[PDB]
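**Student:**
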Amino acid sequence: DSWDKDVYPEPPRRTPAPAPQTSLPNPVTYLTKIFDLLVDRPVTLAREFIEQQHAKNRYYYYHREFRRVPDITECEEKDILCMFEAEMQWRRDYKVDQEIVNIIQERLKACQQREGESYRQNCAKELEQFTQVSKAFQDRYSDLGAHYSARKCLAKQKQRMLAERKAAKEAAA
Amino acid sequence: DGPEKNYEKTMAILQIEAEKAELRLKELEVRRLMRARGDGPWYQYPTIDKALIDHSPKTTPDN
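Protein chains in written order, with our numbering: chain B, 1 to 173; chain E, 1 to 63.
1) Cα-Cα, which of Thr-29/B, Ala-124/B, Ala-163/B is closest to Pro-20/B?
2) Is it right to say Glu-29/E is buried, meaning 16 or more other beta carbons lie within 10 angstroms of its own, or is it exposed?
3) Looking at chain E, which residues of the stretch 63 to 88 of chain B have a Cβ within less than 7 Å of any of its Cβ atoms?
4) Mind listing the chain B neighbours of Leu-23/E? Cutoff is C-beta to C-beta under 7 Å, in chain order.
5) Using the beta-carbon of each residue, which ones in chain B are nearer than 9 Å to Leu-14/E?
6) Counting only Cβ pairs nearer than 8 Å, list the residues of chain B close to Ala-18/E.
7) By how many angstroms is the C-alpha of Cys-111/B removed from the C-alpha of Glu-117/B?
8) Compute the beta-carbon to beta-carbon distance between residue 194/B and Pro-11/B, rounded to the nearest angstrom, for a pair I have assumed lies under 8 Å.
9) If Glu-126/B sits next to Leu-108/B, beta carbons under 8 Å apart, how far is it from one beta carbon to the other, in whole angstroms?
10) Give a yes or no on whether the C-beta atoms belonging to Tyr-94/B and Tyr-62/B are separated by under 8 Å.
11) At 9 Å on the CB atoms, spell out the chain B contacts of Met-11/E, in chain order.
12) For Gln-53/B and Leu-45/B, I'd like the C-alpha separation in whole angstroms.
13) Could you give the DSSP three-state label for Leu-24/B: helix, strand or coil?
14) Roughly how many angstroms lie between the CA atoms of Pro-3/E and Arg-68/B, to the nearest whole one?
15) Does the beta-carbon distance from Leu-25/E to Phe-84/B come in below 8 Å?
16) Between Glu-76/B, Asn-26/B, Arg-91/B, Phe-66/B, which has its C-alpha nearest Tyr-148/B's C-alpha?
17) Between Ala-150/B and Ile-72/B, how many whole angstroms is the CB-CB distance? I'm expecting something under 8 Å.
18) Under the three-state reduction of DSSP, which class applies to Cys-75/B: helix, strand or coil?
19) Counting C-beta neighbours from all protein chains within 10 Å, is the total for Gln-89/B 16 or more, i.e. buried, or is it exposed?
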């Protein structure tokens, strides 16, 4: 398939295999096969047409690939070239972080309904992977005003490193 | 046009701008220094030419 279980998880499917205790005919199965016969099949054959005409003339696209560039930590002050390049790189990594937290958002959101009243115990690990994606996000991108810059992001990282070093040395006195 | 077009054009924009901005700051500094010390081309205010004076012997000596 286009997607995968590794980044779009989905629990294995299981059905009760209905075995009615009454002799009355099962309606839901009958209406489903009827709706298959007068609805599913015509749209299926129309999409068969569409798939064959797609395969008649196929074109491709490629992942627009980038490469690593000197970042603000290695960027020289007042060096506007590497300044701009590091700004571009950091902003696209910020977009990467937003997208991946969106994927975790959808994973946990779909898991809630997927696992039922049991969601509180099977999506907990998913919830476990959410309570850590937010916090680390707050560590890498948070409170950066509204003119957030790779320089200001580096300044926030500076706050973090000085705070953690301060805690380490106050533990060591 | 491709992103490379705009991006390649824009660092050139930034480089030209910065090579103008630090020039402006250096111009302020140079203008101030050369107004204060004066040991250079401009901000040199006029004086009296030495050609106007006359050295030929005069009527009275020691003048």
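Yeah, the Cβ is synthetic: ideal placement off N, Cα and C, and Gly gets one too.
**Tutor:** So, from the data block:
1) What you label residue 20/B is simply residue 20 of the first sequence in a count that begins at 1. Nearest of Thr-29/B, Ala-124/B, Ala-163/B to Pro-20/B, Cα basis: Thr-29/B.
2) Sequence index remark: in the second sequence, residue 29/E carries index 29 (1-based). Its Cβ having fewer than 16 others within 10 Å, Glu-29/E is exposed.
3) For the stretch 63 to 88 of chain B, which is checked against every Cβ of chain E, the residues closer than 7 Å are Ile-80, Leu-81, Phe-84.
4) Taking the first residue of the second sequence as position 1, residue 23/E is located at position 23. Residues of chain B with a Cβ closer than 7 Å to the Cβ of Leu-23/E do not exist; the shortest Cβ-Cβ separation is about 13 Å.
5) For this step, residue 14/E is matched to residue 14 along the second sequence. In chain order: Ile-80, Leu-81, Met-83, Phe-84.
6) In the second sequence, residue 18/E corresponds to position 18, counting from 1. Within chain B, the residues near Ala-18/E are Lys-78, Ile-80.
7) Position 117 of the first sequence, counted from the start, is the residue given in the question as residue 117/B. Position 111 of the first sequence, counted from the start, is the residue given in the question as residue 111/B. Pairing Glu-117/B with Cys-111/B, the inter-Cα distance amounts to about 11 Å.
8) Lying before the first or after the last residue shown, residue 194/B is absent from chain B, which here runs from 1 to 173.
9) Translated into the one-based positions of the first sequence, residue 126/B becomes position 126. Translated into the one-based positions of the first sequence, residue 108/B becomes position 108. Your pair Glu-126/B and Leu-108/B checks out as a contact, with CB atoms roughly 5 Å apart and the cut at 8 Å.
10) Your numbering for residue 94/B matches position 94 in the first sequence. Your numbering for residue 62/B matches position 62 in the first sequence. Taking 8 Å as the cut-off, the Cβ atoms of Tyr-94/B and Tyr-62/B do not count as close.
11) Residue numbering aside, residue 11/E sits at position 11 when the second sequence is read from its first letter. Simply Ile-80, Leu-81, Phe-84, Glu-85.
12) Translated into positions along the first sequence, residue 53/B becomes position 53. Translated into positions along the first sequence, residue 45/B becomes position 45. When rounded, the distance between both Cα atoms is 12 Å.
13) Taking the first sequence and counting its residues from 1, one reaches residue 24/B at position 24. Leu-24/B sits in coil when the DSSP states are folded into three classes, being neither helix nor strand.
14) Residue 3/E sits at position 3 when you count from the first residue of the second sequence. Residue 68/B sits at position 68 when you count from the first residue of the first sequence. CA-to-CA, the gap between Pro-3/E and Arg-68/B works out to about 17 Å.
15) In the second sequence, the residue the question calls residue 25/E occupies position 25. In the first sequence, the residue the question calls residue 84/B occupies position 84. No, they are not a contact pair.
16) By one-based count along the first sequence, residue 148/B stands at place 148. Taking only the C-alpha atoms, the option nearest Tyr-148/B is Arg-91/B.
17) Counting from 1 along the first sequence, the entry for residue 150/B is found at position 150. Counting from 1 along the first sequence, the entry for residue 72/B is found at position 72. A Cβ-Cβ separation of about 5 Å places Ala-150/B in contact with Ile-72/B under the 8 Å criterion.
18) As a working mapping, residue 75/B is identified with position 75 in the first sequence. Three-state result, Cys-75/B: coil.
19) Residue numbering aside, residue 89/B sits at position 89 when the first sequence is read from its first letter. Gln-89/B is classed as buried because its beta carbon has at least 16 other beta carbons within 10 Å across all chains shown.
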